[PDB]
Number of protein chains: 2
Amino acid sequence: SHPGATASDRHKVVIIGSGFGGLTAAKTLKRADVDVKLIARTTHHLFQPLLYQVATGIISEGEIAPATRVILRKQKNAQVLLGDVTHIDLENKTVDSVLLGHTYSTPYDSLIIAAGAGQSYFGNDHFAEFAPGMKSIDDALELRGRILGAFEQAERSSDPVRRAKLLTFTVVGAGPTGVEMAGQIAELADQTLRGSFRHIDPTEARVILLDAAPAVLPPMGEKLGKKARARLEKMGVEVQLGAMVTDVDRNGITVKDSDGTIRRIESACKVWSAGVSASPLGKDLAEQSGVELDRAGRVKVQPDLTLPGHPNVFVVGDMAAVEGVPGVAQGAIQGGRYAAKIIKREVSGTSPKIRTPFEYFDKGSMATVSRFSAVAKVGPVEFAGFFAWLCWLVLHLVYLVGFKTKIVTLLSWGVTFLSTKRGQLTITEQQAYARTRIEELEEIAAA
Amino acid sequence: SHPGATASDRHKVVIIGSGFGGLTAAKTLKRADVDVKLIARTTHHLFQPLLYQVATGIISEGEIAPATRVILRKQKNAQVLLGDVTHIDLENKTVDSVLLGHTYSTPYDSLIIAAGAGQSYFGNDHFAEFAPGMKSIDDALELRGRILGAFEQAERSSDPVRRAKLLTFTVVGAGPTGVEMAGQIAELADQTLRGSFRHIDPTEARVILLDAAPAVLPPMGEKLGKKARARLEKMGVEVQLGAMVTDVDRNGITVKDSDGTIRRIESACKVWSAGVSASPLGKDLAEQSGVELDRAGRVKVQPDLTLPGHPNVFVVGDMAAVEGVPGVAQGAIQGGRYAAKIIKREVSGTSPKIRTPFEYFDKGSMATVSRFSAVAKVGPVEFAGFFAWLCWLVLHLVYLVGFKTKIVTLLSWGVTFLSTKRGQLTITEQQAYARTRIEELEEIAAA
Ligand SMILES: Cc1cc2nc3c(=O)[nH]c(=O)nc-3n(C[C@H](O)[C@H](O)[C@H](O)COP(=O)(O)OP(=O)(O)OC[C@H]3O[C@@H](n4cnc5c(N)ncnc54)[C@H](O)[C@@H]3O)c2cc1C
Ligand SMILES: Cc1cc2nc3c(=O)[nH]c(=O)nc-3n(C[C@H](O)[C@H](O)[C@H](O)COP(=O)(O)OP(=O)(O)OC[C@H]3O[C@@H](n4cnc5c(N)ncnc54)[C@H](O)[C@@H]3O)c2cc1C
C-alpha cells in the first residue's frame, strides 16, 4: 500500500505513539535535520497522571488531552499521523498502520517505539467485560459513567440487597492509580454527592481497595505505604490486602485471601488497575529480532534502548524493560529524549564511535491519596500530608499545556478542594456502556 | 411493577424531562405543598443553545450540562430520577420508565410533560446513519469526532478525489443550528487548524449549507436572513438554498433543487439540523386522548397547556404546539413556569374558578453566525454584526449555572475569539462511531 505520508530525501524518523516518550522525541528533533512521522492511535497527548480527575468529574478532557497536531504546529519537521500501528517490519523497515479501514505502510530510516503499556488481568482477560481498566479517556469517561450511574440506579432500587450491591465500589490494585481512585470515589460519595439523594444516603457507600500485594504503594516503601493506608482507612476506604482476585462477575468479585480462605464481595461498579502489560507490538519485535521479553512482555532493550541487531530501532517508556528504570512519566520522557538525541547526534556530521548507555536520573516519585494528603519520596527525604499534596499539584500543573489550560485547571482545583462542587459530572449511557455493548454484539456476530 | 421513587401522602407531581420546561417547573414548585418526581433520560440539564460550542471544541460538557440532581440539591421536596419514560398511562395515572432493564411505574396526581423535540429526517430516517443530528452531548461529541476525523483522514489519503470528498463538510438546514455549525466549521478549518497540517491545507476545505427554504433563518425575516447569508458567504460557506435532499450516503448527498435539476454533493461529514419531530410520547397521548398532533407530532394542547379531558396533565416546551409560540428556550421556560404556577395555585386552595390562558411574553430572538457577527431581533428593532454578537454572548452566559462555569466559559471565549486556539479538540473513535457501529451490529443481530 501507499505510505500514507509525505516523503523526503533526508533521513526519515518514524515515532510510534503520542505519549511522553514519542512526543518528547518529536520535540527533541525540532531542528535535527530529519523528516519525522509521528504515528499515534489517537490525536491527543494524554497527560495520564491527571486522568483520575477526569474519571471523577474534576476536570475536562481538554485540560489533559491537547491535540498533538496542535502542539507540533510550528515544527515543520514533524507530520502527525493518526493510525493504529498493526505491524512493524524490521527487514523492509516499514511501519504498517490502519485508519478507519485504510492501510498504510510508512517507511523509516530510524524508528522510536513509544507505544507504552496497559494494565493487565493476568490472563483472565474476560474480566475486562466487568472491571474496566482506566488507561484512556474512553476508559476515564466509562468509569465516570459507571460510578455516577451506580448511585443513579441505587436511588430507584427498592430492594435493599441490590442497593447494597450497587453502593459497594471495588477498586483492584493498590498502586498509585488505585489509591487515587479509591480516594476520589470516597470523597465523591461522602462529600460531593452529600445531600443530593432522597432515597439512598451516599455516605453509606462502601469503597473497597483490593490488592494481592502485602502493602499499599509498594514503590514508596513501607513507611509511606502505611501512611497512605492510614489516610485511606481514615476516609473509610476498606483496604483489603493479600487478597487475590479469582473471579469476576457483573455482580461482584470472588477473592482468595493469603490464608487460603475464599470469599465474595458483591459490587456493581468495579475498577481494575493491577499489573502491567506492554503493548502487543512487543511480540512482533520479539519474533523478528529475537529480543526477549519480560513477564508483562516489555522489551528488554539493549543498554542504548535499541533492539539487538537493529541499532536504529529504539523502544522507550513503559514498553521498555530498562533495568532499574521505573514505569513513570520521567522514564518515558528521559528515554525518548535519549533516543532522539542519539538520532540527532548521528545524523549530524558528528559520530561517537560508541554510544554512551542510557542513564536514568531519578527525580523522585509522588502519589496523591486525598484532598490535602499525598505521599512523596525524593532521595533520602520522605514526606507526606498537606505539603506533599501541594508539591504534587504544582509538579503536575507544570506539565499541562498552555497557560489558559493551567488557569482553568487551577480554578477547577480551587472549587473542588475549597468547596466540594465538581464541574464535570456529565455522564451518558453511551459513554458508560458502548464498549460492553459492542463487544457483546461482536461476540454474537462472530457466530 | 413497583414505583421507582419514595412514597408521599401529599399531592404528587411528576415532571418528565430535565430540560428548560421540566427543570423550570421543578424550581417553581420549591415552596409548594407538593411532592415532585423529576424523571429524565439523562442526569444533566443540557443548555442546548451552546451545544455547538461543544461540537466544535470551544467548551467542555460540564460547562453546559450541570447535573440536575445537583441543581435541585437544596430542594427537599424534589426527587430527581434517571429513566427513559417508555409509557404514560392517563387512566391509571402512572408513568412507566426503564433504567438499565429495570422497569418502574411512578404514580402521579399532576403530570408535566417536557420531553421536547428532536430534529427530523422527514420520511427518510435511515439518513440518521450518515447525517448525525446534533441534539445531545452524545451528538455534540460525535460531530466533533467526525469533523476533526475528516481532516485526520484527509491528511493521509493519497487520492485527491477522496481528499475532496473528505474536506467537503455538508450542513443540512439553515435554521439557527445550521448557521451556527456552518460558521464554526468554517472558522475551524480556516483559523484553528491553519498550519497544523502538512499534506492538506485545511483552508481549501468546502463548507456547504443546504436548505429547501428560500432564505436563511426564515424566523428572522429577509433583512437579517440576508445579512447572515452575506456573512456566511464572506466566510466562504457555499450557501445552497432551494435544495431538497433526496438521498444520503456514506459518500455524500444527492439533492433535487427548485430548478428541478439533480446534483450530487460528494461529502464525507454531514450534519443534519432540518425540521422538527416531537418526542414519540405524543403518540401515546394521542391514542389515550382526543388530542391532535402537528405534522411534527407536537401536541396541540388546550389554551391552558392541558390535554383535553385531563385538566392535570400539561405539555410544555418544544413538545407543545401552542399557537403563536416559537420553539425556543423562553417558550419552554414560560410554559413550565405557567404549568407549575397553576399546580401551586390549585393545590394551596387558591384556585380560580377558571384558569387564565397561557400568554407567551415574546422577549425577542437572536442567532449567532460567526466570531464577531450575529443577528438579533427585539420587536421593532433589528440589528446585526458585532454588537448583536456581544449581546448574544452576554445573554447566553447569564443562563449558565455556577459562577466558575461562567468564568471558565468566558475564558474559553476569550481565548477562542481573541486567539484562535480551542481547548477541547479531544476526540475519540468510540465517541465518533459507537452509535452507528452499535446500530449496524444490532441490525446484524436482528437476523
Ligand atoms: C491513571 C494513571 C496515573 C498515572 N500517574 C502517574 C503519576 O502520578 N506519576 C508518574 O510518574 N506516572 C504516572 N503514571 C504513569 C505514566 O502515565 C506512564 O509512565 C507514561 O504515560 C508512559 O508513557 P509512554 O510514552 O511510555 O506511553 P503512553 O504515553 O502511556 O502511551 C503511548 C502512546 O502510544 C499510543 N499507542 C499505543 N499503542 C499504539 C499502537 N499500536 N499504534 C499506535 N499508537 C499506539 C497510545 O495511544 C499513546 O498515545 C500514571 C499512569 C496512569 C494510567
Ligand atoms: C443546536 C441547538 C441550538 C439552539 N439554539 C437556541 C437558541 O438560539 N435560542 C433558544 O431559545 N433555544 C435554542 N435551542 C433550544 C431549543 O430550540 C428549544 O427551544 C429548547 O431546547 C426547548 O427545551 P425543552 O423545555 O423542550 O427541553 P429540551 O431541551 O427539549 O429537553 C428535553 C428533556 O427531556 C428529556 N426526555 C426526552 N424524551 C424523554 C423520554 N422519553 N423520557 C424521559 N426523558 C425524556 C431529555 O433527556 C431532556 O432532558 C437550541 C437547541 C439546539 C439543539
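Residues numbered from 1 in each chain as written, not as in the entry; some residues may be left out. Chains lettered and ligands numbered in written order. Heavy atoms only, no water. Residues with missing side-chain atoms left out of burial classes, pairs and counts.

cryo-EM is the method the PDB entry states for this structure, with the resolution given as 3.00 Å.

A word on the UniProt feature "transmembrane region" (unreviewed entry) in chain A
Here the UniProt feature "transmembrane region" (unreviewed entry) sits at residues 383-403 of chain A. In this annotation, residues 383-403 of chain A is assigned 71% helix and 10% strand; the end-to-end C-alpha distance for the span is 29 Å. (UniProt positions renumbered as here; feature names shortened; annotations may be inferred. Helix = DSSP H or I, 4+ residues; strand = E, 2+ residues; numbered from the N terminus.)

Details of the pattern of salt bridges
Linking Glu266(A) and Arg264(A) is a salt bridge whose minimum nitrogen-to-oxygen distance equals 2.6 Å. The network of salt bridges with common partners includes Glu142(A), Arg146(A) and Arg435(A). (Salt bridge = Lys/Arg side-chain N within 4 Å of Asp/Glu carboxyl O.)

Some points on the interface of chain A and chain B
Of the residues lining the interface, 67 residues belong to chain A; the matching set on chain B comes to 63 residues. At the level of secondary structure, the elements contributing two or more residues to the side of chain A that touches chain B comprise α3 (61-64), α4 (68-71), β3 (78-82), β5 (94-99), β6 (102-107), α5 (137-154), α12 (403-418) and α13 (429-445) of chain A. The greatest single-element share of the side of chain A that touches chain B, amounting to eleven residues, is contributed by α13(A). Among the residues forming the side of chain A that touches chain B, the class breakdown is 27 nonpolar, 25 polar and 15 charged. (Contact = heavy atoms within 4.5 Å. Nonpolar A, V, L, I, M, F, W, Y, C, P; charged D, E, K, R; others polar.)

What about the relation of the copies chain A and chain B?
Take chain A, turn it by 180°, move it 0.0 Å along the axis, and it overlays chain B with an RMSD of 0.2 Å. What the rotation and shift describe, once combined, is the action of a two-fold rotation axis. (Least-squares fit on C-alpha atoms.)

Examining the packing of helix α4 (residues 137-154) of chain B against helix α6 (residues 176-192) of chain B
Residue and element names in this part refer to chain B. Here α4 crosses α6 at 35°, and the two axes come no closer than 12 Å. When the axes of α4 and α6 are compared, the crossing they make is right-handed. In this structure, α4 contributes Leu143, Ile147, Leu148 and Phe151 to the contact, and α6 contributes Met181, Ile185, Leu188 and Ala189. For the contact of α4 with α6, the class distribution of residues is eight nonpolar, no polar and no charged. (Axes fitted to C-alpha atoms, helices over the stretch in contact; angles between N-to-C directions. Left-handed = near helix turned anticlockwise from the far one by under 90°.)

A word on the sheet that holds strand β7 (residues 110-113) of chain A
All names here are of chain A. Strand order in this open sheet of six strands is β3-β2-β1-β7-β18-β17, and the pairing throughout is mixed. With partners counted over all chains shown, the strands left at the sheet margins are β3 and β17 (306-307), one partner each. Pairing geometry for β7 and strand β18 (residues 310-315), over three bridges, is parallel. Within β18, the residue paired with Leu111 across the bridge is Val313. (Pairing = 2+ DSSP bridges.)

Quick look at the packing of aromatic side chains
Pairing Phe372(B) with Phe386(B) gives two aromatic rings, centres 6.0 Å apart and planes at 50°, and the pair type is tilted. Here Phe372(B), found in the loop between β19 (365-370) and β20 (373-378), pairs with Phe386(B), found in helix α10 (residues 386-399); they are 14 residues apart in sequence, far enough to count as distant. Among the aromatic residues, ring-to-ring pairing joins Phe372(A), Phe386(A), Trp389(A) and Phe417(A) into one connected group. It is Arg69(A) that lies over the ring of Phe197(B); its NZ or CZ is 4.3 Å from the centre. (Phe/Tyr/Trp six-rings, centres within 6.5 Å; stacked < 30°, edge-to-face > 60°. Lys NZ or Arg CZ within 6 Å of the ring centre and 35° of its normal.)

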